[PDB]
Amino acid sequence: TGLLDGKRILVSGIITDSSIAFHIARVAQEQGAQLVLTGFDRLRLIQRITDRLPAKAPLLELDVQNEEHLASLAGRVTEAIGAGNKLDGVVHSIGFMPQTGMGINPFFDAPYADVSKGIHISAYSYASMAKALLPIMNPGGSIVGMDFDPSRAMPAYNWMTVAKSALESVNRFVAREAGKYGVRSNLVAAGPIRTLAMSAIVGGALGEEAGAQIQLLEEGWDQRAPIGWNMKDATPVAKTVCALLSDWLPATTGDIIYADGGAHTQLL
Amino acid sequence: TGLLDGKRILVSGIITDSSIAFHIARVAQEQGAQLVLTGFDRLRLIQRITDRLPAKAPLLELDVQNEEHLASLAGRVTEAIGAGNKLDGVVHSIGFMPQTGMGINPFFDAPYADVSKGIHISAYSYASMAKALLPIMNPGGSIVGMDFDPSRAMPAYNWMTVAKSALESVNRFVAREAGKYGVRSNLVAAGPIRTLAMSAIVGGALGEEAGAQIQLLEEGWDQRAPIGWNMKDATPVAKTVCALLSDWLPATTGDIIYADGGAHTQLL
Amino acid sequence: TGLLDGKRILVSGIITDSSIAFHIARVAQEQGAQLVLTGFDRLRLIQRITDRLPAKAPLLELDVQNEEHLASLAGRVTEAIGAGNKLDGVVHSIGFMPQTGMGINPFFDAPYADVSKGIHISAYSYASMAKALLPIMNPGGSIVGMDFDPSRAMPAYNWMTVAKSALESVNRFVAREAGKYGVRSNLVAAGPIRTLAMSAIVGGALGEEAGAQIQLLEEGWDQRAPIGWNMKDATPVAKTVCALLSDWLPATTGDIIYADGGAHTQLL
Amino acid sequence: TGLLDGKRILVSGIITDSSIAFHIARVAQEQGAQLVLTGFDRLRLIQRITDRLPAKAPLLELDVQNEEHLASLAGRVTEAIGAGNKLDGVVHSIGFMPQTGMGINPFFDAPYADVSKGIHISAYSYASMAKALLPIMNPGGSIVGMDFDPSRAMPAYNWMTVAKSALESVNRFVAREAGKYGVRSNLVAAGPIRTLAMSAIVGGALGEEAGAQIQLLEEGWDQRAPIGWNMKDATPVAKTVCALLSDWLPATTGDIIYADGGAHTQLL
């Protein structure tokens, strides 16, 4: 008996086999969940990647900046899962910030249009997905988004940290709306994970100083974490998302669960 | 397949059929856990109460202010579960504050000896149980304690709120030690639950004004909670404790999980 | 000897005699500060309003969404205060959210373009003013912005609360940059103040339910505040801003000071 | 015109010329305050030390664990300042934890009697001083205590961190009582200061590993602080205490002001 047996769950945010969402989707399928996937722009690529998941799942296009995609999404999901069925879960694993808003590009030099695009994709879209999908969610359902703890400023992450602060605030409002449907809304604040993009950044893609700073941050994270932190292993994060999708945290909403090795609880 | 199948878990804090720990123990057994119980002082009473749990579990005496009890505890547990077996989980569901430290007795009028007894039982003892039991815990294990959010001052709870603030700090240090064993340490911050003691307090046992204030607090809690809060139902709390005892929050330690309906995330 | 004697301070955000910034400016002048004022759009109106301040102060136009205004601002300030002089202080008292983002208009129904405009004005602009002005600030200087505590969701404030969460994050990054100049950056989180706009909202301008909710929030604030809260009196807020502008909080930066009667420290 | 002209202020916690309280007292006198001092045990020593303050101030004995001292304190203060006069300010700069509760002595090995003594002196006593002194405080008055940010666990500080967590909670309750008198209660959370005791600890007095860890913590603090941190300079801390004693933070109570260089706002 899987943790998520018979649950119907939408998972956004797969782009590579290193996406946190890929691991969320693998774990959820291992636990009995029936999935619908959403992808942005490179659908042929995403399908090829998702062919490696343990079970079949339909893939729907979703650009969160596209109002038409959002307006049609619930109907497209219902067609995929069948009329008369609703979702039990939704995973938001979507984030973006233009290069001007991250790395060695100075914090003050990021144009607002770039920051605004990043906030749109990384924070506002959590509300936009909830608006689209709550009408097709069952009572007892769960919406989960991916977060990085923004309560203190960090090198390099710059405006992405600001976007996460906005996301945390959005989640608290989404919980008010979601509760009317009997649905929970929460974020998982993960420690650093070496996705393709993060590996590129560590390698200097957004400047050497920024890569060096991120490498220092990752090392400090494992050091501070009482149980350690493995940046090469997304499974503990995926498991935590599944815990929130399950029936086992039924009184938690508007909240943040930290899948970070405990690092945020320790100064040094 | 239960959430906790094959896990060996110690549960402290049962005194009545309304104890949060009673519900923790029922749920954990429903999920396949094999339990050892600890009780304070009234062992015949506790045995009679625990006869109503769905499965048998040995009951061991533990007064957390008694150093001899603590020194012998791991040996007594090992005898109960069998040599060569260790615990996978520990639940601390223990709290006390003398009457002078709660209710209408003025905050300033509580003698230190009373406050100190309350802190001993309610906060220090989380460290004392961990010291006793970590040497008989398996890697991957989990220690969970019960908390009430003390980040803002409240009427009536007075020095018990101070004790919880101390407990939260103790948990963060216990996580450092526990991590050396591969063990997690976390608290569950519950909303208000109408245990026998709380019902007595609402009824005026610690003064009418204090009862009135607590009644107001409970009503506000349900109002603020986006998914509501039922003070007569401990099951959602028990489920959350079981989530932390399980393998599904493997990267969370030194932390607090709020089983409170989301109330702490909303101002009004 | 005034608290701010000989300090040169820029104050943004005056639009009426009820603006928090008007009071900040009056108090700072009472304490010896020499001011430069900035205003948005209705300059003749603002001049007429500012004629009531106890001392003369030049008024410069600043629309924070106008890159040309921002690019020219330091030069315009220097002309006002004289070549070879720099500022010791900067006050950001600027906020806006379109009606779709506040009140009874549903949270989900706010278009991104509206939210983005609000975030631009209310959060990003704190970075944009700092970028413009740090090059003309003295060591030991202070940048202060106005904040409302967004750590928990509230009725009616909706996307403005999200904007404040973003502002708090921006302040922490601005402090990193400002520190290179020997300059502090902090926010003052005020309790509710009955400005003209807030009075209109309480009166129903953004819907009756929203007005009712805000009225309830204000009453709860005075109740929770251990020293009370007078929503008709901005002076305690203005004084707190002046404290941060002064030499008396020299080791505080990236931070938030709560001028709220202590309400955020109390649950009830 | 000094910041504190004509204010009558009690300052506890002087033991050496490196005590944070010595600097608080020097700065307050420089700003016009008339002081009463309290000292523990070594009164001849304290008098000799306080002879170096810029102005005369009476010294009263106060052991905060001595109920008789506390019961007589207001009468002794009134005799010192004259009948019909009251205090405007109170500074609590008192802390202690036995060696078993700090350094390399393992966290689990601290006996409760030692922890309890530390909590008594370091946390409960903030309530005990307020109880004693509020009846002789003027409206508009201010009580300030010294704090170190305990929200995350640290090496070496061990049970002292737990005591600070308790102190923060006590302050929030003291603010409720103090508000009835028109009096504010707040803490100043300082960065690390090289007092004699701290220098001894860095030098290995509580074990080499603990000294090494504290040295690492101090270095990280200056690094994280956007405006830097000088552990050899208590003046910025003293100034912040004086800001809270003044009339310039009139709407802040139950709160914590961080005089730490901004370090707590930055991850790295």
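For reference, chains read A, B, C and D in written order, and residue numbers begin at 1 within each chain.
Everything below uses one rule, namely that a residue touches a chain if its C-beta (ideal position, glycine included) is under 8 Å from a C-beta of that chain, and two chains touch if they have at least 3 such contacts.
For the pairs B-C and C-D, the count of C-beta pairs in contact is higher at C-D. Our note on geometry: chain B versus chain C, Cα centroid distance of 44 Å, whole angstroms. Distance between chain C and chain D, defined via averaged C-alpha coordinates, is recorded as 32 Å. Counting only residues that touch two or more partner chains, chain A has 152-153, 172, 175-176, 254, 265-266. Taken together, the touching pairs cover every possible pairing of the chains.
Here the touching chains pair up as A-B, A-C, A-D, B-C, B-D, C-D.
Residues 107-108, 112, 115-116, 119-120, 123-124, 127-128, 130-131, 150, 152-153, 158, 161-162, 164-166, 168-170, 172-177, 254 of chain B touch chain D in their complex.
Interface residues of chain B facing chain A in the complex, by the touch rule stated above, are 1-3, 172, 175-176, 178-179, 182, 184, 191, 225-229, 236-237, 239-240, 242-243, 246-255, 257-262, 265-266. Across the complex, chain D meets chain A through its residues 152-155, 213, 216-217, 220, 264-268.
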